[PDB]
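Below, each chain spelled out in residue letters.
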Amino acid sequence: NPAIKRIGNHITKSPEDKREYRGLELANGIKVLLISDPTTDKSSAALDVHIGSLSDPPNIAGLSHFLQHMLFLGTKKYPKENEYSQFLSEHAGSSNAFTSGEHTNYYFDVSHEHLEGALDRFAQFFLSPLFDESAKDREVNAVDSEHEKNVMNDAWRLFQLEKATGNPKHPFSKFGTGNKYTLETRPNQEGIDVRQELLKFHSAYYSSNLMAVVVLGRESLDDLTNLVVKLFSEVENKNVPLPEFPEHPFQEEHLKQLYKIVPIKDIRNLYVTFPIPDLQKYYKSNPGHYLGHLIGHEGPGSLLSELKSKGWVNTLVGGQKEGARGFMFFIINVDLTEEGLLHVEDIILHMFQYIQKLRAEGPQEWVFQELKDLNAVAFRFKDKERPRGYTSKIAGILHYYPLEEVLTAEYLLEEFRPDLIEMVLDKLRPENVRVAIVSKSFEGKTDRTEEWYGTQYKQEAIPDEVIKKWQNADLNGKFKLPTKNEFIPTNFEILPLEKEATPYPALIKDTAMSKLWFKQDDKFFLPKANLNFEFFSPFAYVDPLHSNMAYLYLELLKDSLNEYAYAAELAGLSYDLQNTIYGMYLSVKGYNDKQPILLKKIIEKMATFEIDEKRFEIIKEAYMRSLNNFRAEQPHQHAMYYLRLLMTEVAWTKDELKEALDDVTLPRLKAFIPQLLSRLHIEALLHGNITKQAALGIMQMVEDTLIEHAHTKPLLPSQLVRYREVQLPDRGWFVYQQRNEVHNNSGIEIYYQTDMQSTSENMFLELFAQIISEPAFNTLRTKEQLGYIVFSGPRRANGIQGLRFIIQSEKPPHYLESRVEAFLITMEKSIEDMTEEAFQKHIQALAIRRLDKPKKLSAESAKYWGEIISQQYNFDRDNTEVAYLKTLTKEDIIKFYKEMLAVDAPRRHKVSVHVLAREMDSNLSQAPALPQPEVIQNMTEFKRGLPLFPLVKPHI
Amino acid sequence: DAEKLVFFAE
Ligand SMILES: [Zn+2]
């Protein structure tokens, strides 16, 4: 075959991986990975072009990103604007893309039966995109709106500010996102034809020698091979040289600098950065990984430990950060407590002391060896990935590794290279440092403004005395290298499947104190388990005060176990512990082999917990900030929040929590934990490589520990109170209106409540949702350009359900609302006119979506945990509900629309949350006339004036 | 511990 330059050899895979692989290089220079998995419910492809923002023209910031939007909008094999995404939608698929500095990465998934159709529509993006003129004018708004969303986000502000304080002549300085000004307004003024410029960029850079493709389906390797060759050898090779950037964006003048910056949220952070050469080529020994592992360690003797003990910082991130071909960074980043902000010079001193300890001891092979072994285990035992993410990640790394080495390259670690370690470490020095501090205390004391985000800041040289006192960092006896990691798993046996192993979880214990659900894993056979526990207590959430105390206590506990648990996390054993509205959640995941040791430690600490005064004050203060900081979350996130507050029986607001928090004292917290712990019920799912007897053993010990140390006794059945959804009146329409004080965009969520969940009411709603899904995005966003964020779909809470739209926009919510209603009418007309073939396509897509099998253990646990915490316990739900779906008719869906959702439906139940932009006042399809809504004035008054739904009835 | 993409949809 003359279409294929080369077929690759064996692709090194994990032993536990049952998928089959073949790499190849097409004659046009495209790198390919084909993945055959004959069990997959969804097939997938991705293509990654090794070009991005770093190559935008200097006078059209954002071109490559914009180009990336435009490729979705028609090709002239498939000129119909939304052909691609309508096809995926009717065949259970989904798609997305991103632009980074050097890559533009596109990907989809689709039902395994429609790979070729999906793939051929996709391949056209790369042959002849339309860039239609009127679609260009529309979609620049989506881009602009995407920038708008980020403008007031602290992380983007910082990301761009770093760019703006390095070499302005360096392409690292470029603004990558684009916006209406850079894409349309400034180019019109300059006489630039943006259409030509998209085409020119695509023609110059979308070349086959810069592309990798990955394709995953049911087909054999040979068939997938034919498929790829068919669709992609047509791609032109323009022989583009790969952009390289050997000059570091930070030169001499950009070093030994201090930046003091004003954030939007009340946060205090120190960012420390050193410029470093590109380390990518050393991937085999990865000295950057090695140094990050040490500098960023969190266990005893670590730099964090000390800083945290001094009461300076709570969290720390260390290690190498990507730049581009030719440069990288090494960062050490911390949060600051109020003392920490006064002690920045000391924090940095300590950073250098720790570094100097590494210098003094030299590189440690035993450490490198432990990283190597741990990576080897993680790779032997890796979870099977979802196809979409997997094709995308892999398409990205085919640019970096020989075909044969791509599955292994980002895991396996090979030769210890003490010498490269010293070369990197030797770049980590005071003469080489950039310091940034972020804090509201610089408000009014800054003299510079970043040009794209408007970020307020100041820049100063670090004085020579400071650099010198840092260069003299002596050693500090509080810094030691990590001890050997004792959590490393060593028992990997898959216990054989028991005589009466069940396919769904079985209830193997049911006492007053515990309900215990158990299933031995019958699909994955990895030495791993998931242990999930819900602990109910009425005192977790009885009142704002208490709800604050539940939270604080769990934080303080995590803070206290952190040194010990970090090791465990490195060894693939982790946990999650948080307060809920019912009392506490605890989850331990990872290799089964040492789970009981960590589990036991957690329950032991939790029941015998002694609070550190200094810790308590620090964490309380961070939580206070965390509560105020909600004001700077996105308008659409505000709308979802207020709706949850409105529709739930009991819910404390951030204002209520914040008010009640000054009253939380050390002595009341100390009294709170015993009370919290004294009476409990525990519901549990243990799922994994574990046996009935071991499960009982695990549960017994959780109990015996609580019982022993906390004297815990069971709860009454009637004390086990789940909460209700507000029941909306037939034909009611309510609006709650609030303002976001930070973002100059508005948000809205509209909720059409339907009825209690049940087989039929579930599938009516889900099918309608399916039918309107891409039309909603296509109309409200693509056609009308209301905003970058446009979502629609089912809302499920507290046993009830309904259909929701969320949108964020520069347009006022009253307007968004008429548009949604207009769209609903367009949707109705569209269902009346659609063919039976089309309708069954939708049933079929929904069906595939719901039956798609879990690919890893924890996705299967999440399904069961869903059924448990919601107390519906319907483990065979997908089968029942899909059989039922298959029965539904167009006429049915219409009658349901007509009784529940249409504007003059007898049972319409509508609530809208309107969140006004910072700055706003207190052709198209025909919008219908709407009633005067009842304006909600007070959430409590609203909840009280209304009935409450029942709770849903359970199954097993 | 050991150590920015613009998307088409969220
Ligand atoms: Zn985008």
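Each residue takes a number counted from 1 along its chain in the order the sequence is written, a numbering that need not match the entry; residues with no coordinates do not appear. Each chain gets a letter, beginning with A, and each ligand a number, beginning with 1, in the order they are written. Water and hydrogen atoms play no part in the side-chain values, which are based on all heavy atoms of the structure. Residues with missing side-chain atoms are left out of burial classes, side-chain pairs and their counts.

Focus: the overall build of chain A
Where we set the bar: Labels follow the DSSP assignment, with helices taken as runs of H or I lasting at least four residues and strands as runs of E lasting at least two, numbered in each case from the N terminus. For the radius of gyration, the atom set is restricted to C-alpha positions; the globular benchmark scales as 2.2 Å times the number of residues to the power 0.38.
Looking only at helices and strands, chain A features 30 helices and 27 strands. In terms of overall size, chain A behaves like a compact globule, its C-alpha atoms giving a radius of gyration of 29 Å where 956 residues would be expected to give roughly 30 Å. C-alpha atoms of chain A, sized along the principal axes, occupy 80 × 75 × 65 Å.

Notes on the interface of chain B and chain A
Condition: Here a residue-residue contact requires only that any non-hydrogen atoms of the pair lie within 4.5 Å. Note: buried area is the sum, over both parts, of the accessible area (probe 1.4 Å) each one loses when the two are combined. By salt bridge we mean one thing: a side-chain nitrogen of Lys or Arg within 4 Å of a carboxyl oxygen of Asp or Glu. Under the grouping applied here, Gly and all other residues not named as nonpolar or charged are polar, the nonpolar ones being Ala, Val, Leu, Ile, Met, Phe, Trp, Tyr, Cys and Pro and the charged ones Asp, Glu, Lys and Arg.
Contacts between chain B and chain A engage 10 residues on the former and 32 residues on the latter. Here chain B and chain A share an interface that buries about 1,900 Å² over both sides, 59% of which is from carbon and sulfur atoms. Where chain B meets chain A, there are 1 salt bridge. Notably, a salt bridge pairs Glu10(B) with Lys149(A), separated by 3.3 Å at the nearest N-O pair. Classifying every residue of the side of chain B that touches chain A gives 6 nonpolar, no polar and 4 charged.

Some details on the coordination of the zinc ion
Note the cut-off: Note: metal donors comprise N, O and S atoms at 2.8 Å or less from the metal (3.2 Å for Na, K and Ca); water molecules are not included, so apparent gaps in a site are possible. Four donors are marked tetrahedral only if all angles between them lie between 85 and 135 degrees, whereas four are marked square planar and six octahedral if opposite donors are more than 155 degrees apart and the other angles lie between 65 and 115; the remainder are marked irregular.
The coordination sphere of the zinc ion contains the protein donors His65(A) (NE2), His69(A) (NE2), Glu146(A) (OE) and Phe7(B) (O), at a distance range of 1.8 to 2.4 Å. Around the zinc ion sit 4 donor atoms, and with donor-metal-donor angles ranging over 93 to 134° the site reads as tetrahedral. Remark: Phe7(B) occurs in strand β1 (residues 6-7) and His69(A) occurs in helix α1 (residues 63-70); the pair is interchain, linking two chains.

Some thoughts on the pattern of salt bridges
All names here are of chain A. The criterion, for reference: The cut-offs for exposure are 20% and 50% of the maximum accessible area for each residue type, with area from a 1.4 Å probe on protein chains only; residues under the lower value are buried, those over the upper are exposed, and the others partly exposed.
According to the stated counting rule, one finds 61 salt bridges over all chains in the structure shown. The residue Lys 308 makes a salt bridge to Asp 559 at a minimum N-O spacing of 2.7 Å. Of this pair, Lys 308 sits in helix α10 (residues 303-309) while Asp 559 sits in helix α17 (residues 544-570), placing them 251 residues apart in sequence. A single burial state applies to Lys 308 and to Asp 559, both of which are buried. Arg 819 is paired through a salt bridge with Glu 784; the nearest N and O atoms lie 3.0 Å apart. Of this pair, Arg 819 sits in helix α25 (residues 813-833) while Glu 784 is found in the loop between α24 (759-783) and β24 (790-797), placing the two residues 35 residues apart along the sequence. One exposure class covers both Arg 819 and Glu 784, and it is buried.

Some points on the environment of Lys898(A)
Residue and element names in this part refer to chain A. The topology assignment puts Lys 898 in helix α29 (residues 890-900). We classify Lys 898 as partly exposed; its relative accessible area is 45%. The sequence separation of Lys 898 and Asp 56 amounts to 842 residues, and the corresponding C-alpha distance is 50 Å. Ignoring any residue separated from it by four or fewer positions in sequence, one finds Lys 898 in contact with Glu 828, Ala 905 and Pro 906.

Focus: the packing of helix α26 (residues 836-851) of chain A against helix α28 (residues 877-885) of chain A
Residue and element names in this part refer to chain A. Just so we agree on the cut-off: Here, axes are lines fitted to C-alpha atoms. For helices the fit covers the stretch in contact, and angles between N-to-C directions go from 0 to 180 degrees. Note that the term roughly parallel is reserved for angles under 35 degrees, roughly antiparallel for angles over 145, roughly perpendicular for angles of 65 to 115, and oblique for everything else.
Relative to each other, α26 and α28 sit at 175°, their axes nearing to 10 Å. Taken together, the axes of α26 and α28 lie roughly antiparallel to each other. Residue-level contacts link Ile 843, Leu 846, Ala 847, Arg 850 and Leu 851 of α26 to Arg 877, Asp 878, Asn 879, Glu 881, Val 882 and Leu 885 of α28. Split by residue class, the contact of α26 with α28 holds 6 nonpolar, 1 polar and 4 charged.

Structural notes on the domain arrangement of chain A
Residues and elements named next belong to chain A. Here is the rule we go by: For the domain bounds, the source is a domain assignment made automatically or taken from a database.
The assigned domain composition of chain A is domain 1 (1-242), domain 2 (243-472), domain 3 (499-725) and domain 4 (726-956). Computed from C-alpha coordinates alone, the two centres of domain 1 and domain 4 are separated by 31 Å. The junction of domain 1 with domain 4 conceals about 2,100 Å² of combined surface from both sides, 50% of it contributed by carbon and sulfur atoms. Three residues stand out in domain 1 for area buried against domain 4, namely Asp 41, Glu 90 and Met 152, and they jointly supply 25% of the buried area on that side.

Looking at the side chain of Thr40(A)
All names here are of chain A. Looking at the secondary structure, you find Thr 40 in the loop between β3 (31-36) and β4 (42-49). Accessibility expressed as a relative area gives 5% for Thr 40, which makes it buried. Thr 40 has contacts with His 112, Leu 216, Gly 217, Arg 218 and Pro 387, leaving out every residue within four places of it along the chain.

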